[PDB]
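[1] this one's experimental. Sequence and coordinates below.
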Amino acid sequence: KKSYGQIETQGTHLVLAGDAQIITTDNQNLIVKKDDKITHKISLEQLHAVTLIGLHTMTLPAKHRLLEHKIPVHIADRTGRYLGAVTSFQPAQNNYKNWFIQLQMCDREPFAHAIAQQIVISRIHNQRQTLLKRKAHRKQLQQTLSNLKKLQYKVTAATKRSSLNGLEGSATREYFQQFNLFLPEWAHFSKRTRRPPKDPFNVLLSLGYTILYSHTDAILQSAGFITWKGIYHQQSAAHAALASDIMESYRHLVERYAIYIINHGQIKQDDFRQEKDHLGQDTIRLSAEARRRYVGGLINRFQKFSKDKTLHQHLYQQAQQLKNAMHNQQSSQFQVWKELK
Amino acid sequence: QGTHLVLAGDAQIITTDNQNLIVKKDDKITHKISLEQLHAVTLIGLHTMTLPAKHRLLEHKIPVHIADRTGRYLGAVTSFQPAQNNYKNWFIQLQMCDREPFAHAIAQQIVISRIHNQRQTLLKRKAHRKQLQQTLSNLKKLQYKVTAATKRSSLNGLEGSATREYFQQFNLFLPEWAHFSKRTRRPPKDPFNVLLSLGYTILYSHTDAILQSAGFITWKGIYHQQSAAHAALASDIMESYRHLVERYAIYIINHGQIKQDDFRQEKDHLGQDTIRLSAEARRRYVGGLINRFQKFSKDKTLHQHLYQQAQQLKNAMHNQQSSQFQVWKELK
Amino acid sequence: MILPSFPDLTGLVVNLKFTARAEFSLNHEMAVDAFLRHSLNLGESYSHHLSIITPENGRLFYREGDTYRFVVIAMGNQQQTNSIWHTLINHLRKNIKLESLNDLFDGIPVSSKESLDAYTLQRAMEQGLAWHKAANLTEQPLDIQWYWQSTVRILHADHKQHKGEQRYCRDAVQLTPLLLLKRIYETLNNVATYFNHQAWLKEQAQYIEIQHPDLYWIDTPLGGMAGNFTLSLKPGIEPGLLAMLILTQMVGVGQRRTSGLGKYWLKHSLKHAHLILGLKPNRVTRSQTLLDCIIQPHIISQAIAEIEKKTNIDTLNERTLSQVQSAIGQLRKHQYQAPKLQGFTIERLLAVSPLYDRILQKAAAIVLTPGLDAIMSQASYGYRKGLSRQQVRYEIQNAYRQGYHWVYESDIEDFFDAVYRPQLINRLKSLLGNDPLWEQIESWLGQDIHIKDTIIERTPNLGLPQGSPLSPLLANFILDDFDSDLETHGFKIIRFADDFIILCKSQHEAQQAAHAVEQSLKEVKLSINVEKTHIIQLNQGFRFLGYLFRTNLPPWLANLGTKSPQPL
Amino acid sequence: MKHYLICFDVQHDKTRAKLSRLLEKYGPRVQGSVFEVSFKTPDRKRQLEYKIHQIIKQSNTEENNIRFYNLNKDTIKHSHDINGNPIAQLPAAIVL
Amino acid sequence: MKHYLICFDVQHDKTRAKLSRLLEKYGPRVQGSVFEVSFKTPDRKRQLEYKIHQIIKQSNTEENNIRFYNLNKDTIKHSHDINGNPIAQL
């Protein structure tokens, strides 16, 4: 039960990335038993969310208790791809005010276009910056950077929300094609394979993105939002659109940690387990101990955000800034993160 | 679409064969539905669900709607696509529950259906018809006036008069000890009001859960007052189906499954005198009433029927036409 | 054998007219006693032979045209006191007029007064033994209620220790059944001896019990104790004890019975076979009852003038005046039937009666106010108008020392939902005497509200309706009876200057009562809208009666919990 | 949310037992007769206070030495025992 | 300037008697085994803990069941009794 810092304003964010836990309830407490051995007895007054990566159980009265207290729970599988969530659709104190405001404002075209343009420009700037701190490969990485600049040079001139998806897709493609230069030969890849992750490197990304998504989703739902409706991500596949919309700027913390883990010898190809699942498909996953090490390291790097503020205490700030942008009907109040020049 | 499977019985067990969903009760297979013809699941109470079943459902984008034992709606195991339906139709409901031509058309149809069904209930006795010819003609006369009343208070008065004229006659049916005369009291002093109260509460709770599952906001009503302490839409749509409770109560008292022994006279903590139903009798009655809910029709059970009705009303609001929503009338 | 001899009691009922504006005190035995002493001038022997019953008590301000009735009781054999009394009383014309005189036992008028009827001891034994025969099941509690004539003076165990004014009984705990029977035997033996094994036997044969006492202390500007208690009878009692009870109903018990103090009456359990023994309840009764005083025209005009300020009249007034006059005719006919309440919006929704019945209630309040005010001034549970400021601050600081650290805003409204009516009616029946108005009072207080074809009732024998004129007067009249129910829950009330203040240790039971009331009202609204209920019986929560349409804790706890307290 | 520690001293041998049996659910029995509890909405604190009052009425001696000492974030940060071990500390994210 | 709360449960009565008598002077005995202590400079805290070590060595029990909590200026503000009385106000 390796804890990872001091509790926040809203509570503690339980994670179950282990091996075959069985959550049960007390009507007052949440008890995690592995093979009739009690591992934790957390109180329901301190719990904030819970993530279930693997083959973990949850008894139905526990679902009743977590659905009464409006505590989110997110689910995934051992490969790391996302599955779904157990959320409720009644508001905080039955006040449907903020939800109605959000559902009105998200489909207004100029406002949503301005915020989607901000998010895309932030993402492309962050990608250019992350490709800019590898000195030894600068000669190999000049032209690509210039091309990303050109793509950024067009994002300001995009006048319809339908073009942003294509521009961001091209940027991500030309970005991910360059990781073959840093990574070892056994972890090479050319395409981000999302739904069935079928590469050694892609499992790392698809297992970090769900932790990041669960954090931002729990923060957003505690703010007062309804995460299912998004600004820039119209059509999504099992990800809540708004959480998967905000975490666009913060998803180089998962594409740098993965490079650091692979290069510096913490995770090597002896950890991956390969199987055929449910019909026969080549699926690569992590054993339980490597999953625990990876998730613990990721949460530790989340805590050591830029000093005086952890990532939770930055995402709550940005959620408040977005809410104030939407209530006052001004798109200029919300400012994307835009990692330093 | 497909089958919208509802489990409201007592402790079924759900399992998957990786290409089907199998619901067993005491190891007797009660349901076996292919995953391509399944559209949703509704779990009212405590029903154990094996983990491969839950993963297979979540992978196929099939929401699982979880509700309490009484019938309160809590939430749902979903993903993006099945949870877009829970909010993509909130604004249009608030628009179309206030526009008076639409709302008054639907509130005319509901009362028409209620008076029709409570005529049909007396038609089926066939043993005291001669004493009830006058009452049936009176109910027809009251029903024909609903087609013209262009205000809500007129509808309220007509329905109240019809209900009084319908309950004035049950003393011919019930036995000697169960004869009741005065209108219903909030603390009951007669058995028949107790039985009706349990039935009305059960039907209201289940109607509320099934309405919420379809994507509705149940406090915005079309014919009743938007208020707290109750859901307007649930107590609104449940009027057409109220005859089931009354028919079942008459059946139970007449056929002797409940006698005078089962009622208990007592005083509550508040001190007010009450008569209530004993725990064994209450469990027996609730089980029998849920059985009658399950025996609604050969094709559909009542919960699937209410889901289909909610989908019809959703389409009627969406296309603005106020007569695409045809109400249940118990046509023979 | 208990009394081997006794004098032959005899009586006269005198009814006399008033020709002048006269005002009495609250107890009338002093003035009538002085009247007979300045009239007859018998000296010492008047103490030995005569006694006074005054049925009228608690009516202060009399008027011209109003009568007066009282009873004189004489003892002895071949007395001529009644003869000279007749001869002197016939010419008593002014001030005081004369209407009539009636013999107490036969009931015939005073004429043909050669010999009057003799309440012989054997007749007392008969009227006790036949009562025992017609009332014995040997498995019955045989409760009979005991009402005082506003004063009695007895000694608790004849204590010499306390040595002063404290030597008398002034509360329920000093009432001992053996003490009462011993005092009764003392008075009867004194009267017999003026003209032992036995005192031992009456010590063994005490089976009686004192139940639900309400007795208190009244200090006449003297001293006495007044109230009622349920005397309960166990089956082993013999008729001999009953004979003593019935004879002492007329002779009296206590110190100084010559001034008329120390008499009582007892009203047996209802549905008995009609057996009236000794003194008849319809003879010793106020000559002009309270209801006639209600229907007197000038009081009704006064009430009309009083109520019209917040009348919110909307209809024609000549019909209102015809209605009140017709209702006056009905009340005189003893056939009136009160209207049921109606719920009107003001914002808040308030349930009031039609205005003419409100006028009749205000008239009854105007009549009842002076006697109740005088009895609250002269009693232990008395408001203190002139508060000693140092003493009042000392009481507050002493209560703070007790632990009562929180205070509440004082409003009598919060105590309208907790009043138990039969205790109130019993207290009034003890003070003003038996009267036909009291039934009418209940019919004004226990009505049902109509709101939108819904009948909101109330729990039987509980509560006082808000928005009525009799309620604020009769609520603080019997407020002290809540003290024990405030003591168990850690509440105290301090009275000063026709006001009080509420002191409490903690604020948790108040909030639990408020939360219970709110939940109950939410369930009642749900069962209005769902199960189509039509008769709703509420015990508490009438202040939020508008909410329905737009363990047990006492009902005043909720009304306190709706407020937010303050520290000292 | 608010963190409290409840410390009580009651002499009735059965009433102390009933408070001990009640307060163990909401928080750990950290000391012999000192518990730590946490709440998110003050009505939940009020419910616990009412339960405590209901239990202590059976004493019939009116004991009132039950104290709710608050605990902040920095207050917890500065707290320690003699050994120097930080105490009353809570985790931010358990990676079970 | 720091406020502290001192609490313990040592098993043997005579061993903890010296604990109690040592701790009477530093702060009032607010409850059966609970003390409210005010400090100006941490050296007094260090010497008090040194003496507590002395007596727990005397007891030969190795009791670590001595617990010190802080009491800030606003932590006091929400602190109270069951009857609502504010406590530990200076």
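    Cool, the structure landed. Residues are numbered from 1 along each chain as shown, chains lettered A, B, ... in the order given.

[2] count of neighbours near residue A:205?
    A total of 20 residues lie near residue A:205 under the criterion other C-beta atoms under 10 Å in any protein chain shown. In this view, the C-beta of every residue, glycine as well, is placed from N, C-alpha and C.

[3] my guess is it contacts residue A:192. True?
    Yes - if you go by C-beta atoms under 8 Å, residue A:205 and residue A:192 touch, sitting 7.4 Å apart.

[4] in chain A, which residue sits nearest chain E?
    residue A:6 (15.0 Å; C-beta to the nearest C-beta).

[5] so who does the closest residue to that residue other than its chain neighbours touch?
    With sequence-adjacent residues excluded and distances taken as C-beta to C-beta, 6 or more residues apart in numbering or on different chains, residue A:6 is closest to residue D:92, at 5.6 Å. Residues near residue D:92 by C-beta atoms under 8 Å, 6 or more residues apart in numbering or on different chains: A:3, A:4, A:5, A:6, A:7, A:8, A:12, A:13, A:303, A:310.

[6] and residue D:83, that's in a strand?
    No - secondary structure of residue D:83 (DSSP: H, G, I helix; E, B strand; the rest coil): coil, not part of a strand.

[7] based on its surroundings, how many neighbours for it?
    For residue D:83, using other C-beta under 10 Å, the count is 10.

[8] same check, this time on residue A:330
    12.

[9] ok, now residue D:61?
    As a burial measure, residue D:61 scores 10 neighbours (other C-beta under 10 Å).

[10] the helix or strand where residue A:122 lies: how far from the chain's middle?
    Per DSSP states H and E: residue A:122 is located in helix A:109-130. Per C-alpha atoms, centre = their mean, to the nearest Å, the displacement of helix A:109-130 from the mean C-alpha position of its chain is 17 Å.

[11] and the residue of chain D found nearest chain B, how close does it get to residue A:94?
    Residue nearest to chain B within chain D (C-beta to the nearest C-beta): residue D:54, separated by 14.5 Å. Residue D:54 is 30 Å from residue A:94, where distance means C-beta to C-beta, to the nearest Å.

[12] how close does the residue lying closest to residue A:33 once chain neighbours are set aside get to chain C?
    Using C-beta to C-beta, 6+ apart and skipping residues adjacent in sequence, the residue nearest residue A:33 is residue A:22, 5.2 Å away. Distance of residue A:22 to chain C, computed by C-beta to the nearest C-beta, to the nearest Å: 36 Å.

[13] wait, isn't residue A:22 in contact with residue A:37?
    No - using C-beta under 8 Å, residue A:22 makes no contact with residue A:37, being 10.2 Å away.

[14] okay, these two: which has more neighbours?
    Shown here are residue A:22 and residue A:37; by other C-beta under 10 Å, residue A:22 has more neighbours (16 against 7).

[15] and the next helix or strand past the longest helix along chain A?
    As assigned by DSSP state H, the longest helix anywhere in chain A is helix A:200-223. Per DSSP H and E, helix A:200-223 leads on to helix A:243-246 as the next helix or strand towards the C-terminus.

[16] counting contacts, what elements does that following helix pack onto?
    Helix A:243-246 sits against helix A:200-223, helix A:311-327, with contacts defined as 3 or more C-beta pairs under 8 Å, 6 or more residues apart in numbering or on different chains; DSSP states H and E.

[17] how much space between residue D:3 and residue B:104?
    Distance from residue D:3 to residue B:104, by C-beta to C-beta: 56 Å.

[18] same thing with residue A:280?
    Applying C-beta to C-beta, the value for residue A:280 to residue B:104 is 60 Å.

[19] spell out which parts of the stretch 1-150 of chain A neighbour chain D.
    Selection of the stretch 1-150 of chain A residues close to chain D by C-beta under 8 Å from any C-beta of the partner chain yields A:1-18, A:21, A:26, A:28-29, A:32, A:39-40, A:42-43, A:45-46.

[20] do the helix or strand residue D:35 falls within and chain A meet at all?
    Taking DSSP H and E as the definition, one finds residue D:35 inside strand D:34-39. Yes - Strand D:34-39 reaches chain A (C-beta under 8 Å from any C-beta) through D:38, D:39.

[21] give me the buried positions along stretch D:68-83.
    Using 16 or more other C-beta atoms under 10 Å in any protein chain shown as the test for burial, stretch D:68-83 gives D:68, D:69, D:70, D:71, D:72, D:75, D:76, D:79, D:80, D:82.

[22] how about it, does it reach chain C?
    No - for stretch D:68-83 and chain C, the contact criterion (C-beta under 8 Å from any C-beta) is not met; the two come no nearer than 13.6 Å.

[23] can you tell me the closest non-neighbouring residue to residue A:334?
    Nearest residue to residue A:334, sequence neighbours excluded (C-beta to C-beta, 6+ apart): residue A:325, at 3.8 Å.

[24] OK, contacts around the one you found?
    Contacts of residue A:325 (C-beta under 8 Å, 6+ apart): A:115, A:331, A:332, A:333, A:334.

[25] what does chain A have sitting close to chain E?
    Checking chain A against chain E by C-beta under 8 Å from any C-beta, there are no hits.

[26] can I see the domain layout of chain A?
    Following CATH domains of a matching chain, one finds the domains of chain A at A:12-86, A:96-328.

[27] any residues touching the strand holding residue D:35, and which ones?
    Outside strand D:34-39, the residues that touch it by C-beta under 8 Å, 6+ apart are A:43, A:45-46, D:1-7, D:23-24, D:26-30, D:45, D:48, D:71, D:88, E:7, E:67.

[28] how about the strands in chain D?
    With strands called from DSSP state E, chain D shows them at D:2-8, D:34-39, D:66-71, D:80-81.

[29] do a quick rundown of the helices in chain D.
    Using DSSP H, helices in chain D cover D:15-23, D:42-56, D:73-78.

[30] wait, does the last one make contact with chain A?
    Yes - for a cut-off given as C-beta under 8 Å from any C-beta, helix D:73-78 has contacts with chain A, namely D:73, D:77.

[31] just the CA trace of that helix, in PDB.
    Output in PDB follows, covering the C-alpha atoms of helix D:73-78 (Å, rounded to 0.1, in the frame of the first residue of the first chain):
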ATOM      1  CA  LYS D  73      -2.800  20.100   7.200                       C
ATOM      2  CA  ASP D  74       0.100  22.100   8.600                       C
ATOM      3  CA  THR D  75      -0.900  21.100  12.200                       C
ATOM      4  CA  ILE D  76      -0.600  17.500  11.100                       C
ATOM      5  CA  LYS D  77       2.700  18.400   9.400                       C
ATOM      6  CA  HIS D  78       4.200  19.700  12.700                       C
END
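
[32] quick one: that helix to chain centroid distance?
    Centre to centre, stretch against its chain (C-alpha atoms, centre = their mean), the figure for helix D:73-78 is 17 Å.

[33] ranges for the strands of the stretch 1-150 of chain A?
    Secondary structure of the stretch 1-150 of chain A (DSSP state E, counting those that start in this stretch): strands at A:12-16, A:22-25, A:29-34, A:37-43, A:47-53, A:57-58, A:73-76, A:82-87.

[34] excluding covalently adjacent residues, which one is nearest to the residue in the stretch 201-341 of chain A positioned nearest to chain B?
    Nearest residue of the stretch 201-341 of chain A to chain B (C-beta to the nearest C-beta) works out as residue A:238 at 4.1 Å. Spatially, and ignoring its direct neighbours in sequence, residue A:238 is nearest to residue B:79 (4.1 Å; C-beta to C-beta, 6+ apart).

[35] picking that back up, who does the strand holding residue D:35 pair up with?
    Paired neighbours of strand D:34-39 in the sheet (DSSP bridges): strand D:2-8 (antiparallel).
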